[PDB]
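Okay, structure first, notes after.
Each value in this text was obtained by applying a stated rule to the coordinates, not by laboratory testing. Cβ placement follows ideal geometry from the backbone for every residue including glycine, while neighbour counts extend to all protein chains displayed.
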Amino acid sequence: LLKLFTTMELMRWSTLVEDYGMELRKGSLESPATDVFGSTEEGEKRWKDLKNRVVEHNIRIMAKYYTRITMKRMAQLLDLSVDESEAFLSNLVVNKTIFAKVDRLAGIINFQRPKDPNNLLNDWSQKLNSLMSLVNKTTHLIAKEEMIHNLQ
Amino acid sequence: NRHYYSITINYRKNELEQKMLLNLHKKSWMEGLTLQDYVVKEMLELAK
C-alpha cells in the first residue's frame with residue numbers, strides 16, 4: 001500500500017490483482033477485505049475506485065513526467081490500451097486540473113505543456129546561478145589552493 | 001561671538017589609508033567581486 005504511494009514509479013494492475021486478490025482468500029481479518037473488495041454491490045464499486053487508483057497512479061506521475069514520448073508507447077506504459085487510454089484518460093481529464101498534451105496526425109503525440117513562455121528564467125537560472133557560482137569559484141577554490149599550499 | 005570663533009578643520013590625507021579606503025569603497029561597490037552582474041525584463045514595462 002505504501003509502496004504504491006512513495007514516488008510510485010509505474011504500476012502493473014495484474015500484480016496488484018495478485019497481491020490484493022490473494023488477500024481476499026487469505027484470512028487473518030477477512031471482514032475489511034470483504035467490505036472493500038470481497039463485496040459486490042459496494043465492494044465492486046470500490047474495485048472501480050481501485051481502477052481509479054491505478055489510473056490516477058498512472059496520471060499523477062505522468063503529469064510529473066514524460067516530456068516528448070509518443071502515444072502507443074504511452075498506452076503500453078499505461079498498461080492499458082489506446083481505447084482504454086481515451087476512456088481512462090477522459091475520466092481523469094474531467095478532473096480538469098492537469099494539463100497534458102496529445103495530438104493525432106497519424107497517431108503521434110508531443111509534450112512541453114506551457115508552450116515555453118520563457119526567455120526569463122533561462123537568464124535567471126543559467127546566468128545568476130553560474131555567475132554566482134563562478135564568484136564563489138574564486139572565494140573557495142583559491143581558498144583551497146592556498147590551503148594546499150599552506151600544507152606545502 | 002562674544003569671546004568665541006570657529007577654527008579651521010581640514011580633512012587631511014592619509015597615504016597609508018586614503019587609497020586603500022578608496023580600494024574598499026570602489027572595488028567593493030563595483031559589483032562587489034567585480035564579476036557578478038556582468039530587474040532586466042520587467043523594467044521594460046516599468047520604463048515604457
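Select the helices (runs of 4 or more DSSP H) contained entirely in the range A:79-152, then report the ones holding at least 1 residues which are within 14 Å of chain B (Cβ to nearest Cβ) and not aromatic (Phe, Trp, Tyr).
By residue number, A:130-136, A:143-148.
Of all residues in the range A:75-99, which are within 20 Å of A:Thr7 (Cβ to Cβ) and not acidic (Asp, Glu)?
Across the range A:75-99, the qualifying residues are A:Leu77, A:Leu78, A:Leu92, A:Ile98.
State the number of residues belonging to the range A:11-27 that are of a type in the set (A, V, I, L, M, F, W, C), closer than 18 Å to A:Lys48 by Cβ and in a loop (DSSP other than H, G, I, E, B).
2
Among the numbered conditions (1) away from chain B (no Cβ under 14 Å); (2) surrounded by 14 or more Cβ atoms within 10 Å (Cβ to Cβ), tell me where A:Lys64 comes up short.
All conditions are met except number (2).
Looking at the range B:21-48, which of the residues that are within 11 Å of chain A (Cβ to nearest Cβ) and of a type in the set (D, E, K, R) is surrounded by the fewest Cβ atoms within 10 Å (Cβ to Cβ)?
Of everything passing the filter in the range B:21-48, B:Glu42 is surrounded by the fewest Cβ atoms within 10 Å (Cβ to Cβ).
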